[PDB]
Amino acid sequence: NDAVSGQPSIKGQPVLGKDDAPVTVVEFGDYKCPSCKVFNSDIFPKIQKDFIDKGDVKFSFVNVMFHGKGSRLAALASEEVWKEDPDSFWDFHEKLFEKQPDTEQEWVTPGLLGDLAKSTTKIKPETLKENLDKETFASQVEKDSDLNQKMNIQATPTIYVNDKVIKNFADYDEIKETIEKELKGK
């Protein structure tokens, strides 16, 4: 019972990279997941430099709600930023991962998410916090959950390179070789 092979739709999802990029890399991730924190800091920047910057890869992130209330809070904030200030999205996204502590207990609060909105985006802290309380963007989180279920996501992060499921998100050799093989095929 593993993640399913196939190309996940990135329609309506956050995207980084050129429209015409031949390879689509999708991360199914959770802002509270410590392995997603590692992916963010250690692996993603290499995909950026090696492929996204040169137009070979377009990258997308889909929310997965594996760590309870705080995962949902963070996802709702993330969805609002993508809608209201997409040019700032990836700055907010990276800084939220950077804020994840190496401790077990809950850490995600409206206050915390407001502060990030303030430092990285055009969006007003009180606006974001109002929408979190109202769960204004709930439909987007449910959309992501539907997609997660469709793809049978088991653990975060799960990385797709076109229709190929990466076995180890932390193995840059696997990711790089798989990107390169998909590029060749295109």
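Residue numbers here begin at 1 and follow the sequence given.
Of the two segments, 70 to 78 and 99 to 107, the one listed with the higher mean B-factor is 99 to 107 (C-alpha atoms only). Legend: mean Cα B-factor per stretch from the PDB entry, 131 to 139 versus 24 to 32; the higher mean is in 131 to 139.
Of all the options 159, 151, 57, 123, the entry's greatest CA B-factor is assigned to 123. In the PDB entry, residue 49 places in the middle third of its chain by CA B-factor.
Sort the chain's modelled residues by C-alpha temperature factor and residue 182 lands in the middle third, per the entry. When the modelled residues of the chain are ordered by their C-alpha B factor, residue 63 lands in the lowest third. Among all modelled residues in this chain, the alpha-carbon of residue 117 has a temperature factor (C-alpha) in the highest third.
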